[PDB]
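Working notes, structure below.
Protein chains: 2
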Amino acid sequence: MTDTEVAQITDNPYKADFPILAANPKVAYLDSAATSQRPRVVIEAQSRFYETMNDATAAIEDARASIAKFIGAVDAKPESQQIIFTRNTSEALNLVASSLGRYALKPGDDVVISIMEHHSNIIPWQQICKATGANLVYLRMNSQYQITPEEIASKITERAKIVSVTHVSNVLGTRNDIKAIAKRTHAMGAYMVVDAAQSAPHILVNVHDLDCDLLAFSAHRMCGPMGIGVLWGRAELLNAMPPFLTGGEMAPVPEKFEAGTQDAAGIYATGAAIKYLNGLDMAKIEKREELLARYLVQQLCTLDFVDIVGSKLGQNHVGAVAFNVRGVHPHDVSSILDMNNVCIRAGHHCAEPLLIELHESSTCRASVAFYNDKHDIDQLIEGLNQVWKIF
Amino acid sequence: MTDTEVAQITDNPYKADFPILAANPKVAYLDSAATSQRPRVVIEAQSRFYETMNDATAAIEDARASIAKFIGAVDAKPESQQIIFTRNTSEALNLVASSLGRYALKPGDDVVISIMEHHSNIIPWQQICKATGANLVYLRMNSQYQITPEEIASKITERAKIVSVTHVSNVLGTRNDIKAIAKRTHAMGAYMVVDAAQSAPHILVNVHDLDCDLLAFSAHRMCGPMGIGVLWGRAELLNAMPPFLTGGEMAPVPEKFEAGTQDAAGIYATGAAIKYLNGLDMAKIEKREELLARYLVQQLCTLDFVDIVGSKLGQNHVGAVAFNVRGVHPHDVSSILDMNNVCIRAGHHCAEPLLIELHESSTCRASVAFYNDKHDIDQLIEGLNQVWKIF
Ligand SMILES: Cc1ncc(COP(=O)(O)O)c(CNCC(=O)O)c1O
Ligand SMILES: Cc1ncc(COP(=O)(O)O)c(CNCC(=O)O)c1O
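Quick note, the sequences are listed as chains A and A', same order. A prime marks a further copy of an entry chain.
Under the deposited numbering, the letters of the first sequence match residues 1 to 54, 67 to 87, 90 to 264, 276 to 416, in that order.
Under the deposited numbering, the letters of the second sequence match residues 1 to 54, 67 to 87, 90 to 264, 276 to 416, in that order.
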């Protein structure tokens, strides 16, 4: 890293835009992989909705539009009638597993997930597979923590019908080669689902580059409100899949997939959040996070009592870094770190299969967002040192 | 009605507490059966959440607690580990139909809904019935628009396994005799589901009086945020039913039924809304709404060109009054009424089976909340008269 990149990490042009951070300069918040903080604009936008609207229809679709363009889902018109609102990524994944699974799995077909999956991209597929007569096949990692072109070609075969792989691991921070896996999957007559809850808020997503069929994520990782998950699909498939939830207001896509009154004020704020990110220049966002990502792991590697659970190179870490203090249970680490005003995730991160694979029970995790600065990463370091001195 | 009851309807001690109404004295809002307006307290409470918390765990359960006590779900402790959050009433009903339906329907069992049902209490049961080998039986109405003790005993028999009936009709305004239907249903070895989305915000609900097994509703009819539906269940059944959505964070009840990150800021505001209603004195609430209910229908009956689609007695109308101007399509009525700054629902209200039963295609609907006054009901009347003069 250059001396002028530590300069960029050292300045924080963004933290003022967050009330909770603005109110707490003493706090280092290092869990954005869990949920983001909210910009003031997004908090007010949603309060606004409830206080003036409760036209509103014009604004839901402008939100659909804003999200669609943000994920590259264009035509030159944003494909807003092809994005659906759920509660969060888990629900969109449950929906895919139910609807796509009924429409597509014949008995003895193969559904393929990765060992890197979060539980929400595992259990629904297990059910789908029991209900349907289908087998669940996993893609495994190499020494350097990758899904290699050999694993892809060898585990996605002609028996494959659905392939559902995380874009970015909430534990390792690995960016998976989603377009590669897409192309072998189509070859084998199979549908590409991408869990992108942890890629969408950090790197750029373009569904038409990724050439996938279903993409899901949540809004609360990209600065949006809780309560909002989004799914996108190829129109033809959205028209073809059965509906999942049924009732009133469930018809055409998207309405076919949105039963009941929806969180309009939250869909509205989800728009404000997309509009807030594109204003920051989304490229400058991805750039800052990589400098914060690289600075953290470099710093973590000066600490010998610490084991980074993943690639020791930080060019490879998108958003999230998993680690262990040698001999200290992560719950103990997070406690002393909270006494030092630092926020890290501790445990298995609802990715237990991955952690078994790497022969771990628990890990700490630190995760970076654009509204963090070098001092944030220095607090965790100086707090981790307090930890060692005690243990 | 006494001259001192028109006095109570004439004063409005509540409208100031709503920013959207406060900002629009010219507007008469008569669609609270669709969604309520939000109190300022509830708007700020949710903004608050995002700006200070994003302990938070202490507050989700205080919300669970507040809701539980509000529906009488006590022990003397509130049964908060027995209420579950969904997105809205439709999802809770979909969940029941899936989980309870898998756990309980053997082929040739009978599931019984009412003809008064909203679609969200119909279609999931239709699916459940096709998947399971079970028959869907409907409870029908008499001349006076009731589910009589003969209909109950004759359509809920030993073949019955699930009975799911609306507590209050979003079209007729009828309060159904839920405890009666509960008691015949148990007799026949069957589970009592109550769709109470339209009863919970107006009359008192006590799950232990109603002696039911599942109750659902939404928060946005009782002044809470959109995005929040609640389900309650008898603990033993909640422990026994399969989980519906699966993934991460889905285990014990309630967590077994809440997959993924949840709308904590919205669950928080849902608490603020319950806490706002009990402060108003919930009894004084039910009382004011009946005076507004009685005044509307009495007034509507002076208008001859108008047909009230339901009981002409307004002691019987909870919350909602359906009607038609003779010869005018409701969409036309709502348009001229919107030019007169009045808000009514027009159409079939996602209760099409009911409307077929009553030989109607569309109806207008007016619905009253505690924050309405006699002038609100006088605007609709004087606007309906404009309608006739033109048609
Ligand atoms: C890769 C990935 N996929 C799906 C989900 C589920 O998202 P929802 O909560 O919105 O349903 C998560 C959550 N990741 C949780 C964490 O690492 O903190 C995830 O990291
Ligand atoms: C009796 C009843 N049950 C269930 C629902 C579905 O509720 P959700 O939107 O929260 O999912 C409704 C909605 N009633 C809509 C209306 O009359 O305007 C209802 O009136």
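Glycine residues also receive a C-beta, built at the ideal position from the N, C-alpha and C atoms.
### Query
According to DSSP, is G247 of chain A helix, strand or coil?
strand
### Query
Along the stretch 225-237 of chain A, what residues have a CB closer than 7 Å to any CB found in chain A'?
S232, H234
### Query
So the alpha helix (DSSP H) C389 of chain A' belongs to, where does it begin and stop?
Note, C389 of chain A': premise wrong, no alpha helix (DSSP H); beta strand (DSSP E) at 388-392.
### Message
Quick check: the Cα distance between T2 of chain A and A148 of chain A, rounded to an integer number of angstroms?
### Response
52 Å
#### Entry: Short Cβ contact (9 Å threshold) for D11 of chain A with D398 of chain A
yes
### Query
Quick one: is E283 of chain A' buried, meaning 16 or more other Cβ sit within 10 Å of its Cβ, or exposed?
buried
### Message
Which residue wins for smallest C-alpha separation from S78 of chain A, given the options A:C326, A:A118, A:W246?
### Response
A:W246
### Query
Any beta-carbon of chain A closer than 9 Å to the one on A284 of chain A'?
yes
#### Entry: Contained beta strand (DSSP E) runs [length at least 3] in the stretch 126-161 of chain A, N- to C-terminal order
149-153
### Task
On a CA-only basis, which of A':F395, A':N366, A':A297 is nearest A45 of chain A'? Give me that one, please.
A':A297
### Task
Quick one: which residues of the stretch 278-307 of chain A' get their C-beta closer than 8 Å to a C-beta of chain A? List them in chain order.
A284, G285, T286, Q287, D288, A289, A290, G291
### Query
Is the stretch 197-207 of chain A' touching the stretch 360-367 of chain A', taking contact as three or more C-beta pairs under 8 Å?
no
### Query
Can you tell which of A':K175, A':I161, A':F18 has its C-alpha closest to the C-alpha of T146 of chain A'?
A':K175
### Message
Please tell me whether, using a cut-off of 8 Å, the distance from the CB of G285 of chain A to the nearest non-hydrogen atom of ligand 2 is below it.
### Response
yes
### Message
Within a Cβ cutoff of 8 Å, which residues of the same chain sit near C237 of chain A', ignoring the five residues on either side of it in sequence?
### Response
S36, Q37, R38, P39, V42, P215, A298, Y301, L302
### Query
Would you call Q158 of chain A' buried or exposed, if buried means 16 or more other Cβ atoms sit within 10 Å of its Cβ?
exposed
### Query
How do the stretch 6-22 of chain A and the stretch 378-391 of chain A stand: do at least 3 beta-carbon pairs fall below 8 Å, yes or no?
no
### Message
Could you check whether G84 of chain A and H222 of chain A sit closer than 9 Å to each other, using their CB atoms as the reference points?
### Response
yes
### Message
I'd like to confirm the pairing. Which residues does DSSP put opposite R189 of chain A in its beta bridges?
### Response
A:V182
### Task
Could you tell me whether the Cβ of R390 of chain A comes closer than 9 Å to any Cβ of chain A'?
no
#### Entry: Proximity test, Cβ basis, 9 Å: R38 of chain A' and chain A
yes
### Query
Where does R154 of chain A land, buried or exposed, given buried means 16+ other C-beta within 10 angstroms?
exposed
### Task
Just tell me which of A':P378, A':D123, A':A201 has its CA closest to the CA of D225 of chain A'.
A':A201
### Query
Looking at C-beta atoms only, is the number of pairs between the stretch 374-383 of chain A and the stretch 127-136 of chain A that lie closer than 8 Å three or more?
yes
### Task
Look up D31 of chain A in the DSSP assignment and say whether it is helix, strand or coil.
strand
### Task
Mind checking the stretch 173-193 of chain A' against chain A and listing, in chain order, the residues whose C-beta falls within less than 9 Å of any C-beta there?
none
### Task
Give a single yes or no on whether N135 of chain A' has its beta carbon closer than 8 Å to a heavy atom of ligand 2.
yes
### Message
Under 8 Å: does the beta carbon of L107 of chain A' sit that close to some heavy atom of ligand 2?
### Response
yes
### Task
Could you tell me which of A:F395, A:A90, A:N135 sits nearest to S112 of chain A, measuring between CA atoms?
A:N135
### Query
Would you call the CB atoms of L325 of chain A and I192 of chain A closer than 9 Å?
no
### Task
Measuring alpha carbon to alpha carbon, tell me which of A':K91, A':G187, A':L114 ends up nearest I333 of chain A'.
A':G187
### Message
I need the straight-line Cα distance from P239 of chain A to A233 of chain A, nearest angstrom please.
### Response
6 Å
### Task
Could you name the residues of chain A that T69 of chain A' contacts, counting a contact when the two beta carbons are closer than 7 Å?
Ordered by position in chain A, no residue passes the 7 Å Cβ test against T69 of chain A', which lies about 14 Å from the chain.
### Task
Give me the Cβ distance between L317 of chain A and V393 of chain A, rounded to the nearest whole Å; I'm assuming they're in contact under 8 Å.
4 Å
### Query
Which value, in whole angstroms, describes the spacing of the CA atoms of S94 of chain A and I72 of chain A?
10 Å
### Task
With hydrogens ignored, establish whether the beta-carbon of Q340 of chain A is closer than 8 Å to any heavy atom of ligand 2.
no
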